[PDB]
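Report on the following structure.
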Amino acid sequence: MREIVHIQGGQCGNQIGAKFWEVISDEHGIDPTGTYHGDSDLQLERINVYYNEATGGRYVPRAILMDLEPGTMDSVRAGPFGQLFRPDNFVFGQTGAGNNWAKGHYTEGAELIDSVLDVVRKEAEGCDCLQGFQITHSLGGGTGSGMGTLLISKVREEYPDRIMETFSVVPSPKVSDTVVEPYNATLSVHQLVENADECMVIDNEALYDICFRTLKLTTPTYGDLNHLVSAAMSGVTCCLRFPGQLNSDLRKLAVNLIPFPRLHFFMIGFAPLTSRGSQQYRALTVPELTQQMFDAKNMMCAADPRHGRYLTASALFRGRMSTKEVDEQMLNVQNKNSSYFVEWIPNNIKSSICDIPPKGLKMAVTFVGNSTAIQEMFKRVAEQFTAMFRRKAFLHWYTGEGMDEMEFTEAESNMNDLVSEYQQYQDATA
Amino acid sequence: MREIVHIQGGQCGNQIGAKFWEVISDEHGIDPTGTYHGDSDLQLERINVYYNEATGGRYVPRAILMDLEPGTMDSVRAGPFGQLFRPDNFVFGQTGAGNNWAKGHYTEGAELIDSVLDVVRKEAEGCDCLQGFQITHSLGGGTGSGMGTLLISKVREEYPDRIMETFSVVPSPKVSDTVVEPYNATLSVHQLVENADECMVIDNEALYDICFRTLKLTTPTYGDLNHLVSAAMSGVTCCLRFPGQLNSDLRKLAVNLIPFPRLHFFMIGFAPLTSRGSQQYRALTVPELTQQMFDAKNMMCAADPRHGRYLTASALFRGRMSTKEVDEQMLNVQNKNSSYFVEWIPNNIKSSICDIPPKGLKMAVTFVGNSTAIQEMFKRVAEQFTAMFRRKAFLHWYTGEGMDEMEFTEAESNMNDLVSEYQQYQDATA
Amino acid sequence: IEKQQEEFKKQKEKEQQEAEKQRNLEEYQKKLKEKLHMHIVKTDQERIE
Amino acid sequence: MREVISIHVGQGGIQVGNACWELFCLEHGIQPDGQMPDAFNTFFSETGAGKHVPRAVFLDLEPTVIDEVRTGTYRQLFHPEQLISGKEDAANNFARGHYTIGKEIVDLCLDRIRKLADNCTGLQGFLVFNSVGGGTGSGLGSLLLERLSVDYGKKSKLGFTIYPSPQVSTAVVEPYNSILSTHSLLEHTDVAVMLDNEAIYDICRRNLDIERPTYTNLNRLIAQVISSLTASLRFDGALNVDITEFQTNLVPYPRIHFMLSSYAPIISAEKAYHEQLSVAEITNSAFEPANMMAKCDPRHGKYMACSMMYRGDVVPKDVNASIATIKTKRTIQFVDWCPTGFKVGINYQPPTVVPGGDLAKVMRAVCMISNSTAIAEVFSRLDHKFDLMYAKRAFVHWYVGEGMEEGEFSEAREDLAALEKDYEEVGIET
Amino acid sequence: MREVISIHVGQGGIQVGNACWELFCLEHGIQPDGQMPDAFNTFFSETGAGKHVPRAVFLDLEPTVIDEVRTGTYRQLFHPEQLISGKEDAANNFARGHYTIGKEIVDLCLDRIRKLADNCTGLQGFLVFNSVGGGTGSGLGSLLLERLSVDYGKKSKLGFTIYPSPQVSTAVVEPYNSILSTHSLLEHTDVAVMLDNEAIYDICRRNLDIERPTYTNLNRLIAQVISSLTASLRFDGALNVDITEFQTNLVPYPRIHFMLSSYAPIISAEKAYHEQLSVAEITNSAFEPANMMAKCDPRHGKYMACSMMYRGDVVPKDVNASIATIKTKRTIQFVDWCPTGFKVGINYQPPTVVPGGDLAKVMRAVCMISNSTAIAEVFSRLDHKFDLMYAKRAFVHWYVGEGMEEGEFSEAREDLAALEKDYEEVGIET
Ligand SMILES: Nc1nc2c(ncn2[C@@H]2O[C@H](COP(=O)(O)OP(=O)(O)OP(=O)(O)O)[C@@H](O)[C@H]2O)c(=O)[nH]1
Ligand SMILES: Nc1nc2c(ncn2[C@@H]2O[C@H](COP(=O)(O)OP(=O)(O)OP(=O)(O)O)[C@@H](O)[C@H]2O)c(=O)[nH]1
Ligand SMILES: Nc1nc2c(ncn2[C@@H]2O[C@H](COP(=O)(O)OP(=O)(O)O)[C@@H](O)[C@H]2O)c(=O)[nH]1
Ligand SMILES: Nc1nc2c(ncn2[C@@H]2O[C@H](COP(=O)(O)OP(=O)(O)O)[C@@H](O)[C@H]2O)c(=O)[nH]1
Ligand SMILES: [Mg+2]
Ligand SMILES: [Mg+2]
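Residue numbers (UniProt numbering), protein chains in the order written: chain A, 1 to 430; chain B, 1 to 430; chain C, 1414 to 1462; chain D, 1 to 37, 47 to 439; chain E, 1 to 37, 47 to 439.
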């Protein structure tokens, strides 16, 4: 019951999913052949959340994979746990977008999306009670940031009451791999605010910083960043698949973390994270988890959370632990940092406890906090956008496929209005 | 409860700690792998004073090691009992100070100290009831005498009510290994008087004299001086870790040995000390301990204690012995030497008894006396400082990093004022 | 001896001033909060109307 | 021929219902399978041959807790189709569980209530349990109370609500639905008992000496209080009290029926038997402000009426001799228009112990239900918390979009203001 | 139906309380576990079945001694939660234990005192033990006495304080807090008994022939004196004396209640039986100046009143025949306005012997409590010691910085001057 379907688009989203599904399968004891080989009874009670049942007793994820080029899905199939995905759900084009948002949203993405919407509708109509959808995509690419966001609007138009999740990677100015990143980032943020019920920003720069400083491993690769993102993704829905002292589905988090409908851009972090050589030194206790949870360097975004004030915060503890300690520590982390918490909403931290810890760990915490410090990312994105747009650089590529500069002006104005009205509440006082 | 954390800086402080922690571990029966293998029940009751607990049952010291160069900590790790130290507590720079006080206190030491202060704050906030801090460093080096003393002020600013210990090695003019010793000694003494609650001076010359005359061993090395300093260090806090007839924590000594807040520079000594060939001749009795305890050559400083009068004295007896004998001997050592005790404060000797002797010894004594004879060390240090400063020798190295001669003049004036007002009470009469 | 009396006289004067300052600040804050609440009530009436 | 029906709604309600239903089964000798290997009739019903069926119904929209109940050791006890479960959770939204999804479930619950009531012949009244700071709990409790008040009329209903702590909180939006639910049950429930978690945490910490409590320890104490309240209906006693004999003794006026409870003694077996546990000392401990089961100070207000139950071998003369002592004390003062304010009940059955629990076995116990003027502080602080966020209309869109009108928030505020004015008007002397 | 409560505060107080509580348990036949294998009621209370609980409470801020008590053979005797312990020691600072850390502990002690007093029905009075020359002892004793004097009023309190020796001292700052505590208990305690260590050391050396005594030997003699004083309340005697029958016989004026004690015989089993130990010789030995329990010379002053207790097979006529002989002697002279000054008590129970102790078993013993004019010498010498350091304001900063005012030292000096003038005014003949 109350299950969700997985939809991913683009190369970055496909690579994120290729590790997210591996993590989920390892958590539920599903072999790469789709056969259950788990140890505990609880591993099968709520498997309908992510997995479907077919004849022969094997399980198949309800994931939908889409891209405008076939290479990435032809590569993910040969990887581990690549056989679980149903071949029918693979939809792709023969041309690609070339990191051009217009091509992936107006000319090419519009004709292809009917086929993927057909299978999306097939998956949603069938399921017992829908909880919602979760979306993984990147804002630094053309086909992803175009087709995914248009699909968001199409899904929202047909299921207005369901919940919608988006895990979005925004292009940081530090590690830049594409010159046309500001254009399709700014165009995508315009559409994303209007339809997504929840959005979670993730930055490659913050992932590299975490890998270099906390884990202290010499050579980070995309596999480590994907693993961290996958652990963070799994931590959110853990209590929906396992029993606990205070169950809290996604809708309950939506109620408690979004004060106003347009303020739904969160930054997350996962604890504990320790190096291989120091994993024996540390002792896992609730104070040790909560001190690392609110650490500024532990956030999955380069945004500095002590440059603003938290509107609200959430924590999803895992493992068996006493609730009194959790509540007193949450109170203590809020009394010692009163300057960084907005004062006109008292008791702005939500807590939840799940009795099933991750495989290999005795305690774990997932942190989701809505803070005013996120304005800095939109500020720098808009700064680069307005630095590049004033000369109409690279504009002809977009304008040759039916798009105009008016949609750029409206997007810039709406993004600046969002930036302004997000900080409006930072200076608000009672 | 009432535990303390260990912080050491510089090469000399690191070498002192490398033997202090070995002595403590041998006293508590902790193997170099962190596993308890002791014999007595009392060995574990108060182990929380110096050691933390981690998963797997092993113990880890709450020590913080800092230096401006990585060599010394990369060397102490390979020594015996080097694995106990948590790798996370090691903080170091890549440049070093080059025995220049300005570099280790203004330019390089200021930027690095944030990281070490982070772990210091982590250690202190967590512990059950803080008693205080103890600091080991040398006044003859640049990075040590700069960063340690600035850290003293930073710690004092945040914990004004806790107690602070400093074991400071001052450069003697007899055995000189650095030409710029007077400058960073005089600069450090200026800051040390303002913030340290207790200070204990130790001289290499006195250690060599003791090793050559009392122990009569042919070839002294730094390991023997470190062992003597470590035994003296352990003797002070013994009754805080073991039961006894009259327990006396560090704060009780602070109350009883410091008459005025600026007179907190003590010189110490340890008894008994006997040669290998004469360890069978001697019989350990309270008179034998007390006659060696007040012996002038037994002091850990070259200062001659019969060149002045004791303001107060303290003794920390170890082992099981009768209190009546201790009190009568303390009275006798004060009646036969009335000329060397100040007359306007009667009964100026404090005694304490701890029932647990050192491993291998049946009785031991640690002596801490506040005497007016310490003026001679500051006199000679200031004499060398003013002999070198009048020509502005080596001054450009310090003045090229933002420091000026005014801070030298103020330091000299304050040090001379301390020298004068310390002897002011020597001639005072009732 | 002169220095001893003078030193205690200068220190004694310090401490008293600090205690008094803290008390004044606290009282002021409480009165201001009450006034703000009444002003808020009148504003509430206008929005309701 | 005397019966009572208990209603459990929400996660907290179900988790305290489990706690009370181990205790009742243990106290009446019924095995977890429901089989005995004439006092049971108050809570149970005979099936003709063999097992007993509880007169209880479990409600929740979120299926996890009910599924946990239906697989534990008590799977055979409860009737399979009185554990009504939904599919979609209200997610802390009050408007959801009162207007959207609770309406489609409430009919089945009312049908079950009718089917249980037609079996009883001497129905004393209803009991209901619900944690107030949640969507489904507060909303469904309000709707059920409103339906029952018109279906049955004058039958008595008792509510054991758990209000949020003064500063400790798990959600961020619980003041809104707490205020709305207080509005709903103010004019619909005959008795409401205060049960916030912080006071019980302090009780456990101080008396039970548990430093890491969980929810089960709290629920066991609540279950013991319920058993003490309802013991008089199913055991012989020298001075009996019925449920219907409350509004004539504790409720001076129809609006004022919120009171706070206390229990004594609370002590562990490790140090219980060293002291005699006389009736005087337990009745003194019960009146201690620190032993209130709700975090309110009785020293800040007058008492209106005290109803307090004993059980064990207590003799009435010893009870009178202790009521006199309490009337003597100057720190406890009653209201002017109430000369006598004590209602005393005495029962013979000593409290039963649950194996593996915290409380030890004792021969005397006291449970007090006291109505006092000091309860207005919790209303004032909840009102202050509500006003802060309602000034800016925060989180209101999550409620307006679930069918609730804009003006519904204001009238709850007006009713709380009326209640606070009424509490002030009653407490003034004539 | 007669009871007394003993209060033990500080290290010396707890160490003498242990000494008296072996003796009482041995004298009433109670095993160390508290189980007997109607006279016990004075010191103990019956729990209904089995063990007995002492009417004593142990106080200390420094946890070592209490932890030693809670692990010895007497762990099962004392109630677990009447051994109140702190975390931080006062460290010989009087201002600490009266203004800073003692205030937060005193409330628990007063609650325990109330809980013990409500059990007693015929409470005779309180006993208190505290070594005066310490921070926590003197400060907490002063605060407890000040609270009790107003909570209970006219109930009698007896203080067995241990003043410092004339020349032998363990601390260096004990005159300050000794004078302050004398100030505090001058107007707050009904009886104060002198107990300095030097006199008892001389007694042990001369009579017991022990050349290396420890604190236990001193505490056993003090325990024997306490037992002799309180024997008359729990054993049948030809001439009984109650505690309340003291201020009418030994205290001529409300200010004068400091008196010094003596005991006889004190002799070892190796030479005890060679002599007959007649009543005349023991009552002569008790009046010998060298057998005073405080180092004061009675030949330097007049006597005011002598209260002296016998126990064993003594006959009153032999007592009278010995009082006459003492009145005859020319070296002992009484004050002019007191014709008869002796109060005599006779008890039948001989003193009990502790196994492994120093004293032997005898059939006759005498304990005298004598009030004499010569006690002013200890006040004069303590005053002289105080003035020497207070002239230069030494060690005052350790007290001013703990909340105490500057002028508080002067008024204690004025009260001592008043007491010394009063003692001179009383001793002059009319
Ligand atoms: N005393 C006690 N309180 C609980 C317990 N579980 C939850 N609560 C309280 O209940 C409040 C939230 O309501 P819940 O009962 O957890 O959830 P709910 O009532 O089912 O409402 P939903 O969130 O819509 O499911 C929290 O603030 C907790 O303080 C419990 O086991 N014991
Ligand atoms: N007769 C006797 N005197 C003692 C004993 N122990 C300590 N004293 C005296 O107590 C004085 C100091 O006070 P302590 O009792 O030791 O310490 P305290 O009262 O707990 O005060 P703190 O130092 O703050 O802990 C010393 O001068 C001793 O003479 C003892 O066992 N027997
Ligand atoms: N975490 C992660 N990020 C990736 C990976 N591959 C690419 N990216 C990010 O995705 C961005 C490029 O997106 P792109 O591949 O053009 O998306 P597309 O246009 O939808 O195919 C780069 O800035 C990378 O930082 C990966 O394997 N893991
Ligand atoms: N006791 C002892 N003293 C040492 C040792 N090594 C160096 N010293 C002393 O430290 C002084 C030099 O200090 P330095 O190493 O420059 O301190 P740094 O600048 O902080 O690294 C010399 O005068 C030595 O006497 C050692 O192993 N033991
Ligand atoms: Mg729920
Ligand atoms: Mg002590």
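By construction, the Cβ of each residue, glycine as well, lies at the ideal position given by its N, Cα and C atoms.
- Near ligand 5, meaning a beta-carbon closer than 5 angstroms to one of its heavy atoms, we find D:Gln-11 and D:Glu-71.
- Apart from sequence neighbours up to five positions away, the residues of its chain that approach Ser-172 (chain A) with a beta-carbon distance below 7 angstroms are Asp-203, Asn-204, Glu-205 and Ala-302, ordered along the chain.
- Interface flag for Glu-414 (chain D) against chain E is unset, since no Cβ pair is found closer than 9 angstroms.
- Within the same chain, Cβ atoms closer than 6 angstroms to the Cβ of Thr-292 (chain D) are found at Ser-331 and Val-375, the five residues on either side in sequence being excluded.
- The C-beta separation of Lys-154 (chain B) from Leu-117 (chain B) comes to about 6 angstroms, placing the pair in contact by the 8 angstroms criterion.
- Nearest CB-CB separation between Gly-244 (chain A) and chain D: below the 9 angstroms threshold.
- Within chain D, the residues whose beta carbon sits less than 8 angstroms from that of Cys-129 (chain A) are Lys-96 and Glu-97, listed in sequence order.
- Under the Cβ distance rule, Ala-403 (chain E) counts among the residues neighbouring chain B, one pair being separated by less than 9 angstroms.
- DSSP, reduced to helix, strand and coil, places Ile-258 (chain B) outside both helices and strands of the structure shown, so it counts as coil.
- For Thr-366 (chain B), no alpha helix (DSSP H) run applies; the uninterrupted beta strand (DSSP E) run containing it begins and ends at 364-371, by DSSP.
- The residues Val-409, in chain order, have a CB closer than 7 angstroms to that of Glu-415 (chain E) in the same chain once the five nearest residues on each side in sequence are set aside.
- Per the C-alpha coordinates, the member of B:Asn-195, B:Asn-48 and B:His-190 positioned closest to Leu-151 (chain B) is B:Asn-195.
- D:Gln-176 is the residue among D:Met-203, D:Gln-176 and D:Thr-239 whose C-alpha sits nearest the C-alpha of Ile-345 (chain A).
- With distances taken between CA atoms, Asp-424 (chain D) lies nearest to D:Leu-189 out of D:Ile-378, D:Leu-248, D:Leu-189 and D:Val-9.
- Taking the Cα positions, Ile-265 (chain E) is about 31 angstroms away from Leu-125 (chain E).
- Closer than 8 angstroms at the C-beta level to chain A, one finds no residue of the segment 26-42 of chain B.
- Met-268 (chain D) sits away from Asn-186 (chain D), with the two beta carbons spaced by 9 angstroms or more.
- For the set D:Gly-436, D:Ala-100 and D:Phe-388, the Cα lying nearest the Cα of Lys-304 (chain D) is the one of D:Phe-388.
- Annotation: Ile-219 (chain E) is outside any beta strand (DSSP E) and is labelled neither H nor E by DSSP.
- When C-beta atoms of the segment 282-299 of chain B are compared with those of the segment 210-218 of chain B, three or more pairs fall below 8 angstroms, so the two segments count as touching.
- For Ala-430 (chain B), the C-beta contacts it makes with chain E under 8 angstroms involve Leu-397 and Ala-400, in order along the chain.
- Between ligand 1 and the CB of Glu-420 (chain D), the shortest heavy atom gap is not smaller than 8 angstroms.
- For chain D, the residues of the segment 74-107 of chain E that bring a beta carbon within less than 8 angstroms of one of its beta carbons are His-88, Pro-89 and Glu-90, in chain order.
- Residues of chain E with a Cβ closer than 9 angstroms to the Cβ of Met-164 (chain B) do not exist, since the nearest Cβ in that chain sits about 15 angstroms away.
- Counting of Cβ neighbours within 10 angstroms places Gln-85 (chain E) among the exposed residues, the total staying below 16.
- Checking the 8 angstroms criterion, the Cβ of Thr-145 (chain E) is within range of a heavy atom belonging to ligand 2.
- Among the CB atoms of chain E, one or more fall inside 9 angstroms of the CB of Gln-1424 (chain C).
- For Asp-88 (chain B), the chain A residues whose Cβ falls inside 8 angstroms of its Cβ are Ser-278 and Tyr-281, in order along the chain.
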